Structures are given as structure tokens and as C-alpha cells.
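Written below as C-alpha cells is the structure these notes are about.
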Amino acid sequence: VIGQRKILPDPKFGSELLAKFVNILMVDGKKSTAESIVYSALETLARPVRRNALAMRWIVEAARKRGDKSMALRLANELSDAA
Amino acid sequence: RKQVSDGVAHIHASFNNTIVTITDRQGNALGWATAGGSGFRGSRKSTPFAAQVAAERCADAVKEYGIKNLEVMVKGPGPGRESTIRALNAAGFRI
RNA sequence: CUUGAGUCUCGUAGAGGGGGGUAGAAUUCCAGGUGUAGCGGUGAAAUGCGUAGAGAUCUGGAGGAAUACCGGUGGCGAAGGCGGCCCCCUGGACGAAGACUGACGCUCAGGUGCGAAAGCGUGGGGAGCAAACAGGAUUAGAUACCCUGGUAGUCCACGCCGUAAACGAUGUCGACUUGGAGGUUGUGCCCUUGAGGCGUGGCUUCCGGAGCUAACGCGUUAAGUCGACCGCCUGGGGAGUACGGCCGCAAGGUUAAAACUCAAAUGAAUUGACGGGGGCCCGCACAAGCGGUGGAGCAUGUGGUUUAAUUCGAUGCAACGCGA
């Protein structure tokens with residue numbers, strides 16, 4: 001067997017527990033947009049590869065056609081409701 | 001009929017249908033139920049499901065007699081011997 | 001004469017046989033209650049049971065069959081074959097020393113006897129089963145298969161049959177020729193503990209040497225090496241048939257051809273083919289995740305419609321944004 005891919009820690013905070021999250025809410029290779037999505041939701045709110053990955057995917061996967069101003073900020077509400 | 005909470009369960013475990021009686025220690029039957037004819041008949045009989053449902057039928061046929069411990073003296077081997085035994089024991093009885 | 005053969009003396013093991021009773025497990029109905037919607041089964045129902053009390057329970061009976069464990073790589077028997085317990089009668093085998101006889105032997109055509117199962121005949125017996133036969137459905141139709149009953153038979157006595165893949169597909173008797181691994185049953189020496197350690201017989205299972213064999217294999221229980229006598233074979237089919245004889249209660253058996261036809265039939269082994277009795281391993285093949293196509297409008301391609309033509313080829317994966 002082989003281990004899971006090792007990703008460099010999120011440069012902005014130098015922490016590994018945030019890069020994996022921003023890579024899956026990402027769409028179509030648009031990482032640059034991803035920070036515009038989640039950092040606005042994060043910087044302004046103020047085996048380990050099975051259950052954390054699956055549960056956190058469920059959070060991202062319900063923001064496609066909810067029909068409001070912008071799901072960019074709706075997911076901020078969703079995580080605010082979650083938190 | 002006697003409310004003794006005792007007796008034996010003569011399991012007439014035949015291949016096609018296992019038709020268990022509830023007789024006392026003396027040797028007189030209390031209440032009866034059957035697997036075949038009692039909700040299903042065919043060549044698809046002789047299954048552990050049939051033995052289990054026969055066990056629950058034989059239980060509910062004598063659940064009103066005030067009996068809570070019935071021994072098992074099985075006559076011959078039948079399909080789903082463990083299924084009927086487990087189903088009968090699940091009814092709250094002592095062998 | 002005594003080495004073969006036998007007689008004797010003493011023990012051992014054995015489903016060897018014939019009888020005689022003997023007991024339970026299971027077996028069905030009745031004798032009763034306990035019980036009322038079931039019992040029953042296949043490809044599927046159904047046929048047959050039952051609510052008139054049906055199954056099971058315990059209770060006693062009835063009666064027949066057969067003796068689960070032991071149980072076996074076991075045993076005994078000429079073979080067929082023999083399996084609960086116990087008695088009576090009985091047969092054979094083997095071992096230890098000794099005595100006795102004194103070649104009394106081996107094999108045997110003919111002959112005689114025994115001889116599974118089925119069957120037959122005569123009387124019984126019949127608990128289960130089970131050719132036949134009887135219900136249902138079959139299946140392409142069903143007189144399939146099946147299930148439900150079921151009679152002969154199966155069991156006993158006597159008589160007949162006299163046949164089997166009656167097979168180790170290996171006649172009987174004797175002698176000789178390396179080993180290894182067992183089992184069963186005696187017995188000698190020494191452990192005088194029970195086995196024991198070492199012999200030594202008989203039976204028996206399996207490897208394998210030489211040898212033999214076409215090969216497979218056999219291999220001291222030979223299919224080796226020999227000797228005695230017997231039986232048998234002579235291409236396949238016709239055919240173990242016809243005819244005759246003998247035998248049998250018909251039932252059939254035994255002995256046993258020919259015409260005709262074919263150029264094979266056959267044994268053993270080799271390769272590799274279905275081989276619907278297997279495993280193992282690997283792979284975005286599955287598991288996880290990601291993104292999608294099948295909905296629509298156009299682009300192109302493919303089949304189909306018409307037209308003179310809609311040029312031809314490509315047309316599962318390995319044609320269809322292909323030749324172009």
C-alpha cells in the first residue's frame with residue numbers, strides 16, 4: 001500500500017490543517033478564486049484520511065444552486081451555522 | 001391451560017415442514033403451530049426462515065398459557081435447526 | 001529311510017456354519033386423553049390425508065424387519081459370503097515342544113457337491129419399502145422425470161433355479177531370489193512389573209530392488225526364476241446367436257456353429273483440445289475520490305427516406321469529429 005499525498009502547509013498561516021480544506025472547495029483549478037471564497041469567510045468570521053475527509057466534503061458539497069446573493073458568502077453562513 | 005411455566009417442546013423437525021407441539025411434562029399437548037400451510041407452502045419450503053417462523057408461531061400459540069420455560073426434545077433433524085432454536089429461545093423460555 | 005504328507009499331545013484367535021430361545025433402538029395402527037387448521041409434496045402444483053379431531057405427546061398393545069456404538073488400515077470362510085447378546089451341536093486354521101507313521105503325495109478330463117441377487121413352486125408371514133399397476137402435471141406430445149398410494153417380491157420352511165464386473169478381470173501345488181514401512185494373531189530369550197528389549201512363526205496392507213512387462217505395472221502374498229497337472233485362447237461383427245443334445249415346473253441354463261460382412265476391432269501410453277469440480281497473481285477492474293456523457297441547440301459522423309446522384313470503403317471491443 002501507499003500513503004496519502006503530502007501537501008505543503010498553507011503558506012498564509014504556515015499550518016497544514018487548512019490547505020486540504022481550500023483544495024476541495026476549489027473548482028476548475030481556480031485556487032486563486034478559492035482564497036477569495038474562504039478567506040473572506042475565514043479571516044472575517046472573528047486513519048486521519050477517512051472520517052475527516054468524508055465529513056468535511058459534505059460541508060462543501062451543498063453550495064451550487066441555493067439561489068441567493070452569492071454562495072461565496074452563503075457558505076460563510078453555513079460554516080457559521082456549523083460553528 | 002395450566003399456567004405452570006413448564007413443559008417440553010417436541011420439535012417434529014422434518015425436512016419439508018417442522019411442526020412443533022407444546023406438550024407438558026406429563027405428556028399432554030398444550031398448543032400447536034405449523035410452518036407449512038400456516039402462511040406458505042411449496043418446494044421453496046425447508047428453509048431456516050420456515051423453521052424460525054414455525055418457532056414464533058409455536059411460541060405465540062402458547063404465550064397465553066402462562067408458560068415461560070419450555071424444554072426442547074426434537075424428533076429428527078430439520079432445516080434451520082439453529083434458526084428455529086434461536087427463534088424459540090428469543091421468546092423468553094428456558095430449555 | 002524320513003526331509004513331503006499325515007496321526008498325536010497342548011493352547012490361541014475368529015461376523016466359519018446349523019440350530020434354540022433371547023432384548024432394545026427405530027416401525028405403523030389401535031387402545032385414550034391432551035387439538036383444531038392443518039398432513040402432505042414436486043420444474044410447479046397436484047394427487048392423496050384432515051376439521052367426522054387429523055399430526056405430535058406420554059401411555060400399553062400389536063408385528064415384522066434389521067441389529068446404530070464397538071467397527072477397523074480388523075477377522076473368519078473354498079468361493080458365494082459371514083456382524084446384538086447367550087447356550088447346544090459343529091468345521092477349519094495357527095503356534096510350541098515331543099511322539100508316531102512311513103511317500104501314505106500333487107494335479108485332475110469325466111463326475112460330484114456348494115453356489116449373490118432376481119426368479120420359480122409349494123405353504124405361511126407381511127412394520128417399512130417396492131418392479132407392475134392405479135390419480136395429478138409433465139412434454140415436442142408423456143406411457144418424461146415426479147410426488148401419492150401401492151401388489152408380486154422382500155421375510156420363514158421345503159423343493160427348483162445355477163447365474164453375476166461370481167473380479168485380484170491373476171487355476172492348483174511346490175522350490176528358489178535383494179529391501180523398507182505397517183496391521184493382526186501366536187510364541188522363545190532377556191526387562192520375570194504391562195507393554196517392554198531382543199527373537200521367532202502364521203495371516204495380512206503398502207512402497208520399492210533386480211528381474212519381468214507393450215506399457216500400465218507386478219515385484220518373496222510375483223506379473224521374477226523354475227518344475228508338475230489342469231482349464232482356456234487364436235482378427236472384429238454375426239454370436240455365446242441358430243440347430244441338435246442334456247438339464248429345468250415353463251421360467252431359462254449349458255454345450256456350441258455357419259453363411260454373410262469389415263480391414264480393422266483392440267491394449268497401454270503420448271500431445272492438446274470442451275472439460276459448466278479450483279486456486280493463485282496482476283491491472284482507474286473493482287473499493288475511495290474527482291470530472292463527466294445519455295436532457296437541449298448546433299458541428300460532424302453513422303444507419304434509414306427521397307432524388308440523377310446524395311461516390312466509395314470503414315460498420316462489435318479492433319466502424320461511427322473514420323479514410324477525408
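Chain identifiers are assigned alphabetically (A, B, ...) following the order of the sequence lines, protein sequences preceding nucleic acid strands; residue numbering begins at 1 within each chain.
- Here the CG-CZ distance, from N16(B) to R41(B), works out to 7.5 Å after rounding to the nearest 0.5 Å.
- OP1 or OP2 of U57(C) sits under 4.0 Å from a side-chain N or O of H10(B).
- With distances taken from any side-chain atom of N28(B) to the nucleotides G289(C), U34(C), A56(C), the minimum falls on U34(C).
- Looking at heavy-atom distances under 4.0 Å, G42(B) makes contact with a base.
- Cluster annotation: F93(B) is connected to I22(B) through the hydrophobic network of ILVMFWY side chains, with a link wherever side-chain heavy atoms come within less than 4.5 Å.
- At the heavy-atom level, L30(B) lies under 4.0 Å from the strands shown only through sugar-phosphate atoms.
- A positive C1'-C2'-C3'-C4' dihedral is found for the sugar of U213(C), placing it in the north range.
- Contact of the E16(A) side chain with the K6(A) side chain is not registered, since no non-hydrogen atoms from C-beta on lie closer than 4.5 Å.
- Base orientation of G72(C): syn, the glycosidic angle falling within 90° of 0.
- In this entry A157(C) has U122(C) as its Watson-Crick or G-U wobble partner, both defining distances falling under 3.5 Å.
- In this structure, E56(B) contributes its side chain and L88(B) its backbone to no donor-acceptor pair below 3.5 Å.
- Between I24(A) atom CD1 and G289(C) atom P there is a gap of 11 Å when expressed in whole angstrom units.
- A 3.5 Å limit on both hydrogen-bonding distances identifies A181(C) as the Watson-Crick or G-U partner of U205(C).
- As the counterpart of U193(C), no nucleotide is assigned, since no Watson-Crick or G-U wobble pattern has both distances under 3.5 Å.
- Between the NZ atom of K2(B) and the P atom of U34(C) there is a distance of 10 Å, given to the nearest Å.
- Heavy atoms of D24(B) sit nowhere under 4.0 angstrom from any nucleic acid atom.
- One side chain, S5(B) or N69(B), offers a donor N or O that lies under 3.5 Å from an acceptor on the other.
- The stacking criteria are not both satisfied for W32(B) over the base of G35(C), which would need a centre-to-centre distance under 5.5 angstrom and an angle between ring planes under 30 degrees.
- Sugar pucker annotation for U143(C): south, assigned from a negative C1'-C2'-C3'-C4' dihedral.
- Sugar pucker of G272(C): south, as indicated by a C1'-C2'-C3'-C4' torsion of negative sign.
- With both pairing distances under 3.5 Å, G301(C) is matched to nothing as a Watson-Crick or G-U wobble pair.
- The partner of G313(C), taking Watson-Crick or G-U wobble pairs whose two distances both stay under 3.5 Å, is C322(C).
- The side chain of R25(B) places no N or O atom within less than 4.0 Å of a non-bridging phosphate oxygen (OP1 or OP2) of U57(C).
- The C1'-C2'-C3'-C4' torsion of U310(C) is negative, so its sugar falls on the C2'-endo, or south, side.
- If you take atom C1' in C30(C) and the same atom in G63(C), they sit 13 Å apart, rounded to whole Å.
- For the pair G283(C) and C284(C), the rule of 5.5 Å between ring centres and 30° between base planes classifies them as not stacked.
- Contact annotation: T21(B) does not reach the phosphate of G35(C) (side-chain N/O to OP1 or OP2, under 4.0 Å).
- Here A318(C) is in the syn range [glycosidic angle within 90° of 0].
- Judged by distance alone, with hydrogens and angles left aside, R41(B) brings a side-chain donor or acceptor within reach of the base of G41(C), the pair sitting under 3.5 Å.
- Under a 3.5 Å cut-off, the side chain of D28(A) and the backbone N or O of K30(A) do not form any donor-acceptor pair.
- Bases of consecutive nucleotides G95(C) and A96(C) are stacked, their six-membered rings being centred less than 5.5 Å apart at a plane angle below 30°.
- With respect to the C1'-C2'-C3'-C4' torsion, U138(C) shows a south sugar, the value lying on the negative side.
- Shown here, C106(C) is classed anti by the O4'-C1'-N9-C4 or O4'-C1'-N1-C2 angle, which is more than 90° from 0.
- The pairing partner recorded for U200(C) is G186(C), the criterion being a Watson-Crick or G-U wobble arrangement whose two distances lie under 3.5 angstrom.
- Dashed line: the shortest gap from a side-chain N or O of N17(B) to OP1 or OP2 of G40(C) is under 4.0 Å.
- Contact annotation: side chain of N16(B) to base of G41(C), donor-acceptor pair absent below 3.5 Å.
- In this structure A97(C) sits in a base pair with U9(C), meeting the Watson-Crick or G-U test at under 3.5 Å.
- Base pairing annotation: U241(C) forms no Watson-Crick or G-U wobble pair, as no partner gives both donor-acceptor distances under 3.5 Å.
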